[PDB]
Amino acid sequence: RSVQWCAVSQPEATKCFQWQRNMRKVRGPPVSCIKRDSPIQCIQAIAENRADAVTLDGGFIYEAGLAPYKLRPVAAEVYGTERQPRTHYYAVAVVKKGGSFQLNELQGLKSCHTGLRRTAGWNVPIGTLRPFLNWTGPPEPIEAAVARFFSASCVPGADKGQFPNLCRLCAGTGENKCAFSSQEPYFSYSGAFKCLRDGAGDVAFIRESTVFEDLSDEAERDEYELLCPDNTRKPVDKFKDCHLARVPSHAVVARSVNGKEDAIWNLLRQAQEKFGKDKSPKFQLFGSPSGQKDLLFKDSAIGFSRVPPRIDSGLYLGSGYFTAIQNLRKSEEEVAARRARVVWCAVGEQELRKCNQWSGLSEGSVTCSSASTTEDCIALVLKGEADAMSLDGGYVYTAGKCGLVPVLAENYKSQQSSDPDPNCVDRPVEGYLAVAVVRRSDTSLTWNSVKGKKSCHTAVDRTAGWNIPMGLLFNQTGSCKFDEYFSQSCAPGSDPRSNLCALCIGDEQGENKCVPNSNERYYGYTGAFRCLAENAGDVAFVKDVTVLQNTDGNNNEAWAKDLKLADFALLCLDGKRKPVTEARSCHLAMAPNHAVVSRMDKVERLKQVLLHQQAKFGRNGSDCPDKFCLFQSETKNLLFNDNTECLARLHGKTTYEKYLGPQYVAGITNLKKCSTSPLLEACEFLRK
C-alpha cells in the first residue's frame, strides 16, 4: 500500500513526483503525491485521510496537534553533520554590520520574517520582544502590537487587510504580495534573508544555517552578525553562543490513529539511504532545483530520526516552546497568574477528589490536574500542563531522566531525634525500611525459599515493592524474566494478561484489575499489604510502617479490622525471620523518601506554596483538622503518605542523582536494561 505525501505547492508536487518515479524505479516502497495550497489544508488532507504524511515547522506541528486534527510527529529532520547531527536548530536574529542596535533597540526598525506562526520567524522573536510590545492582550491580536513596534515588516501570511505594516516589505506581486508561499520572494528562511539582504529589512529572523547556505563566500558572510540576547553582537558562527532560542527540528506529522507510521518510517528510511546526502543524482531528497528552496524537506537535512511513540506535539515541542506558543494568546496577567499557581497532578479519582478539596483551601495557589497513571502525570508536568506531584524514589529516577527535579521530600518520624518535631522542614530525611512481610504461621517461608511463591507488590517500578525485591533476585540469576520469579503476583501496572497481575482485584466491581492507581484495591503500600492479609499472596513488599498502621484497630476498614501485628513477620536476608518491630535489623534495603518533583522553572514558587500550605493543612498545622489535613487520606495515602510528618528541605541533593544515590541509581539502571518505559524511551529522545 502506498503512502500519500501532501505537497503544498506545484514545485513540491513536482519533486514528490520525481520522488515518486525513482522509488518504484529503484524498487523501493511507493510514494503517492497530493497537492494542496497549504499546511492547514495539508493538515486536513491527513485527518480525513486524503494524504498520509507532511513535513512541518514547529509552529505547525502545534497547529496540527490540535483537535479536531490531532496529528503527531513520527520522524524528525536531522540537521548538522553525520559526525555531529542534531534534531534541533537555533532561532537567530541576523543583521548586517556597520550599525549597532541590540535586541532592545528594534522598535521602529524594519524586520524580515519567515512567515506567520513559524518558530524562527514569528513565535521565537515575537516572544522575545513581548516586553516591549506594550501588548494589552486579547482581544487585540499581538499582530496589531508588532505592526506598531516595527516601522515596516514582511510577515508572509499576515493579514494585509488588518495588518498592512506587517506586509509592507513583502516583495511579491499583486495577490502574491505577502503570501505564505513561494509566490512571495521573501518567504521562508531564504526570503527573509534576501529581505535583509536587499536592504528591505533591518533584521531577518531565521535559523543559524541560512547565511552559510545561501551565502557562497565566507567573506560575503562577514557583512552579517547576530543580535545576542545579551544585547551584544557576535559573529554568525557564534550561533551556539548567541541565539534567541534552541528548537525542535521540523517533523513529518501523521494521524495518531491509523497513522501508517510503519510505512512512512519505512519509506523514509529507504529513500533516506538511496537518495540521502549525495547518494544519487538521479534524485535528491534534500535538494531542490535552482531558484527553489526547501522542497518537501529542508535542503541539507542529513536524515530522519524516529520519534518514540510516547510523544505528542506537546512533548515533541518541549515545555519551554510549547507553552510559549500558547502564551502568544493570553494577557500578561493571565500568564502571570498561571505562574503563581501550582497545578498538582493527581493519579486517579480519589487522589483527584482530595486535590480539589485542597484546591478550595489553597486560595487559588493550588489547582488540580489528573491522569490514571503516574507516568501520564509526569508527561503533563513535561507539557507544562501540570507541575508537581509527590513520587516514589522509583519515579524520581524516571522523572530525573526526564529533566524534572526533587523540590522537597516527605519527612517521617525519626531515628527518634524526636519529639513531635518543631524543626522538621530543616530536618534531614532518613529513608524507609523496605521489608518483605509474610504471615507468622508460614514458619518455613524464608528469604531463601520465597522465590516461586505468590507475591504482592505495591506497583511495578517503586522502590519498596519492585525495585528492591526484584533487584535482589536479579543480582543472583541475571534473569530478565521478572514474571517467572513468583508463580502469580499482584504487581499493578503490569500486563493484566500476564502472571504479574493474576491475584489483582480491580475495584469493588471487579473492575480496573491490575492498574497502577487506587482503583485497584491491592495497589500501593496498604494494597500490597491487604493482598497478604487476605491470603492472596504469601509475601508482600511494603515498608514496615505499613503493617503497624494497618493492624491493631489502627485500620478500621473491615478487611483490616482484626489483624494483629503478632501474625506478621519480616524475612531477613540472612534466612532468619523476625517480628515486625525488628525491622531495623531485619530489612531488604533502605529506600529513599518520596520527594515532590517539578520542572526547574517552577521550583522557588513551589517551595513557597508548599511551605505555606503545610503550616495550615500539615500534620501539626493550623486548619488541621478543623479544616483539612494535607497528610491524611486515611491509609490510602492519597497524594502524600499519611505518615509524612512534613515536607523537608533538600540539603543539596537536588538532582535525581544526588538525591537517590550512586547505588540506587546504578540499580534502577541495571533493571531498566531488561526493558525501559515508552516514557523513558521518549525522554531519551527529547534529551539528546
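In case it trips you up, residue 1 is the first one in the sequence shown, and so on.
Comparing 660-668 with 21-29, the higher mean C-alpha B-factor in the PDB entry belongs to 21-29. Between 204-212 and 416-424, the higher mean Cα B-factor belongs to 416-424. The PDB entry assigns the greatest CA B-factor among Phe286, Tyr189, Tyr522, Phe304 to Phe304. Highest C-alpha temperature factor among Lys561, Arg584, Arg72, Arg341, as the PDB entry reports it: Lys561. Among the modelled residues of the chain, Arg233 sits in the highest third by CA temperature factor in this PDB entry. Ranked by C-alpha B-factor against the other modelled residues of its chain, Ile126 falls in the lowest third.
Placement of the Cα temperature factor of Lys240 within the chain: middle third of the modelled residues, per the deposited record. Sort the chain's modelled residues by C-alpha temperature factor and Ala648 lands in the lowest third, per the entry.
In the deposited entry, the Cα temperature factor of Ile34 sits in the top third of values across the chain's modelled residues.
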